[PDB]
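Student:
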Amino acid sequence: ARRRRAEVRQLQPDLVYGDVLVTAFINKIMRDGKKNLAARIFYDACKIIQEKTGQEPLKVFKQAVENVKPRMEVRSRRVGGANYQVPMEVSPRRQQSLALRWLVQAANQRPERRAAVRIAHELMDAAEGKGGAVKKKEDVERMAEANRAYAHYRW
Amino acid sequence: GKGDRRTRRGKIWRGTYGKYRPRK
Amino acid sequence: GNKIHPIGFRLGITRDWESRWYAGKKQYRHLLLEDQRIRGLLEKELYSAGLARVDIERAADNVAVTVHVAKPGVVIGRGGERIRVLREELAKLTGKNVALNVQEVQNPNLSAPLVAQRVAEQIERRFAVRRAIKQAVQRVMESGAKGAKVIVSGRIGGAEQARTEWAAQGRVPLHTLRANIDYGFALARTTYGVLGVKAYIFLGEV
Amino acid sequence: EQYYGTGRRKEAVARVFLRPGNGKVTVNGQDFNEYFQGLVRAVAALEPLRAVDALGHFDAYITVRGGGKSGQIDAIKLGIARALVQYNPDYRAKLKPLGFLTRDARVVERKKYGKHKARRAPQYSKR
Amino acid sequence: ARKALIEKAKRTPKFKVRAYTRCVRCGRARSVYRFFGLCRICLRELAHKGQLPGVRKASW
Amino acid sequence: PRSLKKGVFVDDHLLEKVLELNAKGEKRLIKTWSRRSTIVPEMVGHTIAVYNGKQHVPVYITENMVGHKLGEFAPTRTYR
Amino acid sequence: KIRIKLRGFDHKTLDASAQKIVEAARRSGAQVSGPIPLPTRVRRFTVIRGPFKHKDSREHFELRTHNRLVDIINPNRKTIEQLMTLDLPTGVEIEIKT
Amino acid sequence: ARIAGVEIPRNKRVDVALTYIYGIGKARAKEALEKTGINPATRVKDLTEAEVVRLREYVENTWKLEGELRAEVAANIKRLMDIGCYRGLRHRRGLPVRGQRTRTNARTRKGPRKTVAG
RNA sequence: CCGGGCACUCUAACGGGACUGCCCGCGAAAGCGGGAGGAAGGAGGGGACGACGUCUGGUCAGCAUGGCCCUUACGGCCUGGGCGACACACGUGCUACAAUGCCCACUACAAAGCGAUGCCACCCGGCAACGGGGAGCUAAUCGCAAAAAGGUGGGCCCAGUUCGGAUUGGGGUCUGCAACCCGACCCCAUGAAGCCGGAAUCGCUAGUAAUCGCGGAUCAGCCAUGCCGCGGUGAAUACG
Ligand SMILES: [K+]
Ligand SMILES: [Mg+2]
Ligand SMILES: [Mg+2]
Ligand SMILES: [Mg+2]
Ligand SMILES: [Mg+2]
Ligand SMILES: [Mg+2]
Ligand SMILES: [Mg+2]
Ligand SMILES: [Mg+2]
Ligand SMILES: [Mg+2]
Ligand SMILES: [Mg+2]
Ligand SMILES: [Mg+2]
Ligand SMILES: [Mg+2]
Ligand SMILES: [Mg+2]
Ligand SMILES: [Mg+2]
Ligand SMILES: [Mg+2]
Ligand SMILES: [Mg+2]
Ligand SMILES: [Mg+2]
Ligand SMILES: [Mg+2]
Ligand SMILES: [Mg+2]
Ligand SMILES: [Mg+2]
Ligand SMILES: [Mg+2]
Ligand SMILES: [Mg+2]
Ligand SMILES: [Mg+2]
Ligand SMILES: [Mg+2]
Ligand SMILES: [Mg+2]
Ligand SMILES: [Mg+2]
Ligand SMILES: [Mg+2]
Ligand SMILES: [Mg+2]
Ligand SMILES: [Zn+2]
């Protein structure tokens, strides 16, 4: 977007919990445009969150998403002819996007048989501070702040 | 997938009928 | 690679079909071939009279061919025998045994096909092409014709390099649908090659 | 006695007839959960009622046809909104902020030549 | 469009399969629309000239 | 996995020729441009020169060759 | 009880002729049931613009066939007085059945 | 168990396990289990010795199987080659026999890709 | 379905409707930001439309055409072969490498088109391609027809396999005078490479991408996975 500022799309609220973050996670799970299958996967995963954890799955989901959000990342920049890894903060929308994308990607990396079990286990582990998505967050916050010397290339 | 003759989706893709896709 | 035909661009509004008749899918091609043969034999005989348009209508084995000619005295002949011979050839080619009508064109310098034909005759007589186009556009503009344009294609003046002489004046809004622009195309067969003559005449707005 | 709403979404129509009653919905003679319930967004079609919190004041007879069942759900939403507006105009100021009376004009875009599906340009390599 | 091939029109093609269709105006062999009997080029030309009743530019 | 139809097709050009040869003997090479015809049992033992597009190849027919076409034993293209 | 199917390429000529038939049958017949749209039959044609390769323009055209369904009731013998030969249209085809 | 040759399927559905027979796909497995009156859902380790004898009795001699099948295919191709047929030539050079193009892929008939200069 | 009626849906002609008109802020103005009302606003969305000219761009092989050249052959007819040749290389695509999947059964919604030496309901034979019989349809009224993903139930349980159908053997159907070179389709058997792809590189900003099926033109048939259209489900992201 060069001319305008590219305003953000407003998502419809969730049909169960009434949260737009849940709908965004549904969309990140969605594949080939199958909304019903993605919602089936996510709601069965919510059914798995209970009877495994006494807490309501909405709280677990939100706390896991909060645990996956990275505070700083690192972008490449061409300076003086070379390419440097410059660390800089992250806007909240990009925090949410990276959190949900990493949740889905790390969920599909699990050895669990069907999807709902994968999403449920990944959400639980990310809520209690482990899993592949938290590993991704830690790796990003390592790369960034591992190149602190380039912080004056913030831009 | 859609390239197997002896499947439903195969007959639908090739646009034919047979033992693996009857006409009721 | 641009500038589509204006008549074909306005066939919906401010322009009508030369052939206007209904036919099924089993009869459309035959009646179309018949109309094409009609126009072919017509333009091979009435060119001396300067025919600008040939309209064709069909109801049921009857064709209301109407020829718009600037000089009907040539298509009529002496006492009306020329039209008799032409209707005879019509009934011989197509056994439909139909009639024929002639319409005089007032101010032939407002019908673009006749303007293009005049410029083509001039170019074929080894006339100054620039002066030909200039005088043609002047004659068109000097009688109504809120807009005018005449274009002549390559080999201008028998040159070895193909050129394009523009010589236009007035208002020719081709992109305006309601422009009601009469378009005419003519060829000039010379000893050195072929000359293409296009004529645009703009009249009326709505 | 009866309040009517048309609604439309993505080449789909759904006549909505609101007749005060128990609160059970019928669609094309079938039950609301026998046509739906296998589509998650189905309950969204009943959002207008929850907007006014009636949910038990009106029975619904709906006749839907055209497009797919999701556009049918959204058209049912708009039809219920229109019938509810015809019931009491004072409901308009309650339904306008939620955009339920807003007709969703998103239609499938026409496929164009040169492309694959109306925008997907064919891949090239140049080498 | 060679003149010899215009022998296509034949009451005795010696076979039903050997009978193909050509453009009546320019003598084309490929892209010969059956509804009009013309080719595609003559189709576009006569459509622009307005000699095809009812034919209009499509836009939707 | 091939098939043509019931009522196998054989070109009647050489169909009469081979039986006219069998009627009096086992006459020598025949020249045939019809490679579309099918081999019938009454041809076994003869020798047919099939036109491959350039020349006539002397195809000798045996018992195990019945059912195929003449063109299958007359390769048209040349390679290496 | 007389079936009438009007077919044409121009939506103006068919409409004008149908209204003419309706006005000619009202004064001499019963309460005419008016014309019915009878959805249009559209046939398209896609043709490459240039005479050579240039595959990605295609400038397609269309040809539409519109219909009308007058269908007058009470075929009175006085109705055909004003009818069956009084017409302006040319590019309109008429179909009549019992 | 041991059915129609030296091949023994084990620990899966009887029809899918019979697919591992050379002369038997899924259609012939369904046909055998249908004419033998055997539930295809049961596992091989759950088969009655009488049911194994029955399936063996049917399948052993109802169609041509492993050894005779491979030998008959070899004999068919050998006959196509010995008669000098065009298909025999295509088999002789290792090229597509069913009228495919060879300027491009059909690698699966020509084996690996032997690149040369150009 | 019958009586029955034009309210709704639809169908196709006309017309209304949106113009920064109204409110607030800014501004010299044009206009910008926001809001109300509205079905929709700040170009509402998509086409048609593409200037003076440039590339001595492409095509005399669609047609026309100057010049040149062949005219017992550089013209013409026919049979057959060839344009389908394969040590190889690239482009564009299709099908996949699977469990957000595959298979089986049952079941539910679409638009745009096509149809008389045509589409073929339905009955019978056939595992099937299909054949025999045969109803309707000059077609908003009959047919193509089944939409598919989807839903429900069941099977498969991570393995080159109930993933994937290349190759090949055998038996057939139809078109056509004729399927060897060189057709599609059906049935049985065969079961390949392929576990998300190096350097590099492509498309797309909303009903778009992705995915799913449907039709059409040319055509006796068809190598269509192409092309042009149609609708179903329906995202992600734009700091700059
Ligand atoms: K040039
Ligand atoms: Mg990851
Ligand atoms: Mg398979
Ligand atoms: Mg689409
Ligand atoms: Mg010529
Ligand atoms: Mg042909
Ligand atoms: Mg047979
Ligand atoms: Mg363009
Ligand atoms: Mg096997
Ligand atoms: Mg080949
Ligand atoms: Mg009315
Ligand atoms: Mg209305
Ligand atoms: Mg414009
Ligand atoms: Mg050049
Ligand atoms: Mg060149
Ligand atoms: Mg070629
Ligand atoms: Mg080679
Ligand atoms: Mg060599
Ligand atoms: Mg290349
Ligand atoms: Mg049966
Ligand atoms: Mg009806
Ligand atoms: Mg299931
Ligand atoms: Mg397998
Ligand atoms: Mg391998
Ligand atoms: Mg695997
Ligand atoms: Mg854009
Ligand atoms: Mg076809
Ligand atoms: Mg197709
Ligand atoms: Zn032509």
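Residue numbers (PDB author numbering), protein chains in the order written: chain G, 2 to 156; chain U, 2 to 25; chain C, 2 to 207; chain I, 2 to 128; chain N, 2 to 61; chain S, 2 to 81; chain J, 3 to 100; chain M, 2 to 119. Ideal placement from N, C-alpha and C gives every residue a C-beta, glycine not left out.
(1) When the Cα of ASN63 (chain C) is compared with those of C:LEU91, C:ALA169, C:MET142 and C:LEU204, which residue comes out closest?
(2) For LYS7 (chain J), write down the residues that DSSP places opposite it in a beta bridge.
(3) Quick one: which unbroken beta strand (DSSP E) runs of 3-plus residues sit fully inside the region 33 to 86 of chain J? Chain order, please.
(4) Output needed for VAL173 (chain C): all residues of its chain with C-beta closer than 6 angstroms, excluding positions within five of it in sequence on either side, in chain order.
(5) Output needed in chain order: residues of the region 114 to 128 of chain I with a Cβ under 8 angstroms from some Cβ in chain J.
(6) Any beta carbon from chain N within less than 8 angstroms of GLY31 (chain J)'s own beta carbon?
(7) Spell out whether any CB of chain J is found under 8 angstroms from the CB atom of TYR23 (chain C).
(8) Under the three-state reduction of DSSP, which class applies to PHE62 (chain G): helix, strand or coil?
(9) Please determine whether the Cβ atom of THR20 (chain M) lies at a distance below 7 angstroms from any heavy atom of ligand 3.
(10) Which residues count as close to ligand 4 when the rule is a CB under 7 angstroms from any of its heavy atoms, in chain order?
(11) Considering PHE128 (chain C), what are the terminal residues of the alpha helix (DSSP H) in which it resides?
(12) Give the DSSP bridge partners of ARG21 (chain C), in chain order.
(13) What residues in the region 45 to 78 of chain J bring their beta carbon closer than 8 angstroms to a beta carbon of chain I?
(14) Short check: CB of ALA18 (chain J) to CB of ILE74 (chain J), under 8 angstroms?
(15) Would you list, in chain order, the members of the region 78 to 96 of chain J that have their beta-carbon closer than 7 angstroms to a beta-carbon of chain C?
(16) So does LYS7 (chain S) have its beta carbon nearer than 7 angstroms to some heavy atom of ligand 7?
(17) Nearest to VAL11 (chain S) by alpha carbon, out of S:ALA75, S:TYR80 and S:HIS69?
(18) So is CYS47 (chain G) buried or exposed if we call it buried at 16+ other beta carbons inside 10 Å?
(19) Measuring alpha carbon to alpha carbon, tell me which of C:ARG16, C:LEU47 and C:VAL75 ends up nearest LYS50 (chain N).
(20) Within a Cβ cutoff of 7 angstroms, which residues of the same chain sit near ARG164 (chain C), ignoring the five residues on either side of it in sequence?
(21) Would the beta-carbon of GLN84 (chain J) fall within 8 angstroms of that of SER35 (chain J)?
(22) What is the chain-ordered set of residues for which the beta carbon lies under 7 angstroms from any non-hydrogen atom of ligand 2?
(23) Express the C-alpha separation of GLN13 (chain G) and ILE81 (chain I) in angstroms, rounding to a whole number.
(24) Taking C-beta pairs closer than 8 angstroms, name the residues in chain J that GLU58 (chain C) reaches, listed in chain order.
(25) State whether the region 102 to 113 of chain G contacts the region 123 to 137 of chain G, with contact taken as three or more CB pairs (one from each stretch) at a distance under 8 angstroms.
(26) Quick one: what's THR67 (chain C) bridged to in DSSP?
(27) Rounded to a whole number of angstroms, what is the C-alpha to C-alpha distance between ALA84 (chain I) and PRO98 (chain I)?
(28) Can you pull the DSSP bridge partners for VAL56 (chain N)?
(29) What separation, rounded to the nearest whole angstrom, lies between the Cα atoms of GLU58 (chain C) and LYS93 (chain C)?
(30) Does any heavy atom of ligand 3 sit closer than 7 angstroms to the C-beta of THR8 (chain U)?
(31) Tell me the rounded alpha-carbon separation between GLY89 (chain M) and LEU53 (chain N).
(32) Can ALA121 (chain C) and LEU188 (chain C) be called in contact, C-beta distance under 8 angstroms?
(33) Taking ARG30 (chain C) as the reference, which of N:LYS58, N:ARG29, N:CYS24 and N:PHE16 has the closest Cα?
(34) Could you tell me whether the Cβ of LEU115 (chain C) comes closer than 8 angstroms to any Cβ of chain N?
(35) Using a beta-carbon distance cut-off of less than 9 angstroms, what residues from the region 66 to 86 of chain M approach chain S?
(36) Provide the residue span of the beta strand (DSSP E) that contains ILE13 (chain U), from first to last.
Tutor: If we stick to the structure as given:
(1) C:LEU91
(2) J:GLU97
(3) 43 to 47 and 63 to 70
(4) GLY148, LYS150, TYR201 and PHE203
(5) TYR114 and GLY115
(6) no
(7) yes
(8) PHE62 (chain G): helix per DSSP, three-state reduction.
(9) no
(10) I:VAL109 and I:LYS118
(11) Premise fails: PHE128 (chain C) is in no alpha helix (DSSP H) and is neither H nor E.
(12) C:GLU58
(13) Listed by position along the chain: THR48, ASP58, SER59, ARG60 and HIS62.
(14) no
(15) Within the region 78 to 96 of chain J, the residues whose Cβ lies closer than 7 angstroms to some Cβ of chain C are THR92, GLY93, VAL94 and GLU95, listed in chain order.
(16) yes
(17) S:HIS69
(18) Classification of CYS47 (chain G): buried, given that the 10 Å Cβ count is 16 or more.
(19) C:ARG16
(20) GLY155 and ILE157
(21) No, they are not a contact pair.
(22) G:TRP103, G:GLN106, G:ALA107, G:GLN110, G:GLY133 and G:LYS137
(23) 19 angstroms
(24) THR92 and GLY93
(25) yes
(26) C:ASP56 and C:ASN102
(27) 17 angstroms
(28) J:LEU65, per the DSSP bridge assignment.
(29) 19 angstroms
(30) Answer for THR8 (chain U): yes, Cβ within range of ligand 3.
(31) 57 angstroms
(32) A contact, by the Cβ cut-off of 8 angstroms.
(33) N:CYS24
(34) no
(35) Those residues of the region 66 to 86 of chain M that come within reach of chain S (Cβ to Cβ, closer than 9 angstroms) are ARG80, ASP83, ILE84, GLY85 and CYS86.
(36) It is not in any beta strand (DSSP E) - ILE13 (chain U) instead sits in the alpha helix (DSSP H) that spans 9 to 15.
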